[PDB]
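Worksheet: one structure, shown below.
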Amino acid sequence: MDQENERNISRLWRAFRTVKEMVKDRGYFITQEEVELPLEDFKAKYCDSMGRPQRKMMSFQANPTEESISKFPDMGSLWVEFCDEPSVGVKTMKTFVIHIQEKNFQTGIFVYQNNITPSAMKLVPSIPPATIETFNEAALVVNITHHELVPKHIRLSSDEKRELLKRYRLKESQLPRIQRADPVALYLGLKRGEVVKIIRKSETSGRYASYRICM
Amino acid sequence: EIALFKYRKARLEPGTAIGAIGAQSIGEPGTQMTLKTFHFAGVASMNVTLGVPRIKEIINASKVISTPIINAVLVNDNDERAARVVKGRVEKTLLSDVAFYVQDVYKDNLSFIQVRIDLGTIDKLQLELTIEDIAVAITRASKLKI
Amino acid sequence: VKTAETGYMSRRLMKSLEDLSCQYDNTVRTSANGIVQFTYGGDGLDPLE
Amino acid sequence: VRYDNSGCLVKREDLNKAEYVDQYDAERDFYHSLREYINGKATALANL
Amino acid sequence: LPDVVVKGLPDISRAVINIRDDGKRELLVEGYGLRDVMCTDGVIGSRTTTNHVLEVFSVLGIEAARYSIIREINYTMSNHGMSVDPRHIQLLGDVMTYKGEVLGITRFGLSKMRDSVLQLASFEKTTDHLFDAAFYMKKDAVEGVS
Amino acid sequence: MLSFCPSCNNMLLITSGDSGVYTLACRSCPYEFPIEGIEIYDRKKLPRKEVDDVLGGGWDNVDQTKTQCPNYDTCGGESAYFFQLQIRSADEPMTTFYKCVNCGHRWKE
Amino acid sequence: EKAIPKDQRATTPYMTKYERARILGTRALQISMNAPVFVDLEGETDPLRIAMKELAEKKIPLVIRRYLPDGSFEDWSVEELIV
DNA sequence: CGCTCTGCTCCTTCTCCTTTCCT
DNA sequence: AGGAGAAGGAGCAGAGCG
Ligand SMILES: CCC[C@@H](C)[C@H]1CC[C@H]2[C@@H]3[C@H](O)C[C@@H]4C[C@H](O)CC[C@]4(C)[C@H]3C[C@H](O)[C@]12C
Ligand SMILES: [Mg+2]
Ligand SMILES: [Zn+2]
Ligand SMILES: [Zn+2]
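Residue numbers (the authors' numbering), protein chains in the order written: chain Y, 1 to 215; chain X, 1072 to 1217; chain L, 877 to 925; chain P, 975 to 1022; chain U, 1267 to 1412; chain R, 1 to 109; chain A, 71 to 153.
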């Protein structure tokens, strides 16, 4: 349908913007005009002349910024890879893994569309140096970070985590924990043992800082 | 001096049994609330449970509660074709709500089921579906059922 | 009718919350030394006084 | 003093950045409200 | 046949438009379709909340669920006329969600971080806990008040 | 379809019998009906829906009394809604819940 | 395990209710088991009240060991802590 | 290409736990 | 009761096969 096509394109554009800003605030270089793209520009630049979207014009690459690489020296480039086939199987996932390994990236996300099989999920955690981050598309329409109920989570470096521990004379097993595969933890791409600083605001106490560790 | 003394005084002292203090400060008022959603007669608002059953659900972290409510904030302010156009996108099974009749038809070799989906009701309740959306939904239901 | 439910609720609330104490570093911790709050209520102020 | 997340000192232009918040922030807010109340009284006197 | 959704969300009972005290015209939804409602066109997705703390936990995270717990308790105990300090409820929320997930105040939830066979047996399912401690050689330390 | 066999009144069915005939079988007695020259159909009327209305609320026509809000210095409340529907014990007196008609503060006495 | 030195101590200098009650109870026990006192008795026999008088006159010979969660500690006396 | 494994996802049957005690 | 938890079934798209 025509309005169904319009709705699909609108949702795809919003998902593209969410992925763009998610890659931005993670510490990779994208620009404000690159993220603040208009809907007409999206349609005219990422769609064919027949009247449909095309996911393959959007698969892009990001690079670490200067300050981000200064803070976290061991951070490589990623590769966002939208997919066109609804139910992702082992064939598409195997091809994706081979492309990741041949392009020698350090990380790369995969924005599938409808469904991911249990067999494909088994190839996600099979690469020694690198890792892939499977993301749904219906999830990325509204980014979680901009919701009112979500306090500003901030990622801590190794130096900052060591500073936090030395201050309270703590051990990392004692800090409050944040689950891996938590909507805000996978948004920032949190690995095990990473400390995330939270700025939560209460009407009875103003702003105060709390902390969590990825578990 | 008065303000500084009072502020330096009001601080949680080390050794306080704050967990038990808070547990009793929550449980003790909890013994007075009725096991019922009492409310002032004459309003007949939406039904939500807000007594000790509600406290019990929150405390138990039950995966299924009674009367769950979503609060959706709109963008416009106009009763006609500003709130209904976005209410029409979040509703229940409207096939019998728009079907206006359903027929069972047999013939020499073919067996039919016919539905005459009138369009005036869709023209009134501002809905985004004409023909093929209904057909796709019916085919999805057929895949789901038979 | 509601008495029994309220009493059970108070008992399990106490079982969950019974061992939490402000420490001399001002943090609220557990018996196992697990730091649940870094400052009471984000303020460190006793609600009583 | 409001040190940095790594132990440095904030440069006095990054004081309210919502990333260097810590404890003592509620104490700072209390002092600010104290000074504001006294200023209200002083401004009323000057206006009279 | 006339019982299959043709539009909307097949997880939501009904929606009604409400006239706010400020004059705004907003509708609030009765069901479990949170993410779909946040994604629907015509609503503000950054301002949309639900009753279910567990729903908020699945889509928005654990800090959002802690905020939801605190607000829901404050509402349920503020509508009854009970005057409780907010810090008690803050501590309740922090304890309920301090291990990365929403653990309730039931016997199943109480196996969160207690790790104490003696106090778990004192609370409930005594023999099961003691026999499990005997099998797995649970080696608790005596630090808890129980 | 809901039709019944004459002379046995049991039930009529459509049969996947021989030579591709969807005739009106009985299964209880030897009774048959040729569909050829068809006019059979089953009409089921369906009420569609109505345009539903809002639920703003009617604080008007609700019990009112004359009391003072606890936070008078903020909002000036000289009236309040109430119900006398809380009774802890028989010897102990009743309890009355209020809510500020001005601001909306619930409390009990 | 070690002791936080006298020059740098980070704990409050205000005696707490728990510290006060414990100090009074311990001194009452010590007096009731026939220990010498350090205040003019006037007419009084109760070890608890003698201890309260000694606390008011600030003459109790005890110190408080405050234990931090890590395991170090600080030493505060009763003539230093104030109320 | 049906066949045939391997694996979910769904579902049904089966126990625990329920208030001050007041000597 | 209600109310969750948990252990075993039962049909089912998936994926590899000659
Ligand atoms: C109409 C009845 C449907 C009902 C049985 C289904 C439909 C939506 C489901 C919830 C959501 O998935 C979100 C949460 C996910 C968590 O993991 C577990 C809890 C959580 C609230 C779910 C519980 C349960 O599964 C629900 C209520
Ligand atoms: Mg009486
Ligand atoms: Zn017959
Ligand atoms: Zn009022």
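No residue lacks a Cβ here, since even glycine has one placed at the ideal position from N, Cα and C.
In chain order, the residues positioned with their C-beta nearer than 7 Å to some heavy atom of ligand 2 are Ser89/R, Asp91/R, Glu92/R. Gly56/R reaches chain U at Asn1284, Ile1285, counting residues in chain order whose Cβ is nearer than 8 Å. In this structure, the alpha-carbon of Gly1370/U lies about 28 Å from that of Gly189/Y.
Using a cutoff of 8 Å, the CB of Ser3/R does not count as near ligand 3, since none of the ligand's heavy atoms is closer than that.
Contacts with chain L at 9 Å (Cβ-Cβ) do not include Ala992/P. Sequence-distant Cβ neighbours of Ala15/Y in its own chain, meaning closer than 8 Å and more than five residues away, are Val111, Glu137, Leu140, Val141. DSSP places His105/R outside both helix and strand once states are collapsed to three, so it counts as coil. Around the Cβ of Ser210/Y, a 10 Å sphere holds 16 or more other Cβ atoms; the residue is buried. Secondary structure note for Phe60/Y: its beta strand (DSSP E) is the uninterrupted segment 60 to 62.
For ligand 1, no non-hydrogen atom lies closer than 8 Å to the CB of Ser1334/U. At a Cβ-Cβ threshold of 9 Å, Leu1357/U and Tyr916/L count as neighbours. The C-alpha of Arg1353/U lies about 12 Å from the C-alpha of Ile1339/U. A direct Cα-Cα distance of roughly 27 Å separates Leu921/L from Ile178/Y. For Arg135/A, the beta-bridge partners assigned by DSSP are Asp145/A.
Counting along the chain, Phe1323/U sits inside the alpha helix (DSSP H) bounded by residues 1319 to 1325.
Membership of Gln84/R in the beta strand (DSSP E) is indicated by the continuous run 80 to 86. In this structure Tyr41/R is exposed. Its beta-carbon is surrounded by fewer than 16 other beta-carbon atoms within 10 angstroms.
Look at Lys1163/X: its beta carbon is at least 8 Å from all of the heavy atoms in ligand 1. A heavy atom of ligand 4 is found nearer than 8 Å to the CB of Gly77/R. The C-beta distance from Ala908/L to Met1362/U rounds to 17 Å, too long to fall under 8 Å, and the pair is not in contact. Within the segment 1352 to 1411 of chain U, the complete alpha helix (DSSP H) segments at least 4 residues long are 1352 to 1362, 1383 to 1389, 1392 to 1402, listed from N- to C-terminus. Between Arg1291/U and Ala1074/X, the beta carbon gap of about 47 Å keeps them out of contact (Cβ cut-off 8 Å). With contact defined as three or more Cβ pairs closer than 8 Å, the segment 7 to 22 of chain R and the segment 1401 to 1409 of chain U are not in contact.
Residue range 1191 to 1195 is occupied by the alpha helix (DSSP H) that includes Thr1192/X. For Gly113/A, the Cβ stays outside the 8 Å cut-off from all heavy atoms of ligand 4. Listed as beta-bridge partners of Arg90/A by DSSP are no residues whatsoever. Distance from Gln1174/X to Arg27/R at the Cβ level is roughly 25 Å; contact not present, criterion being Cβ atoms closer than 8 Å.
At a cut-off of 9 Å between beta carbons, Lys45/R makes no contact with chain U. Taking a Cβ-Cβ threshold of 8 Å, the residues of chain U close to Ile1140/X are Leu1294, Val1295, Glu1296, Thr1316, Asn1317, in chain order. Inter-residue distance for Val21/R and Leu12/R is about 15 Å (C-alpha atoms, whole angstroms). Put simply, the CB of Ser1279/U is near chain X, with a gap under 9 Å to one of its CB atoms. Against chain A, the beta carbon of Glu1084/X has neighbours under 7 Å at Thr86, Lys87, listed in chain order. Here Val111/Y carries a strand assignment [DSSP, helix/strand/coil]. For the 9 Å CB-CB criterion, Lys1107/X and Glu881/L do not form a contact. Residues of the segment 169 to 188 of chain Y with a C-beta atom less than 7 Å from some C-beta of chain A are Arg169, listed in chain order. Contact between the segment 91 to 101 of chain A and the segment 126 to 144 of chain A is present: three or more C-beta pairs spanning the two stretches fall below 8 Å.
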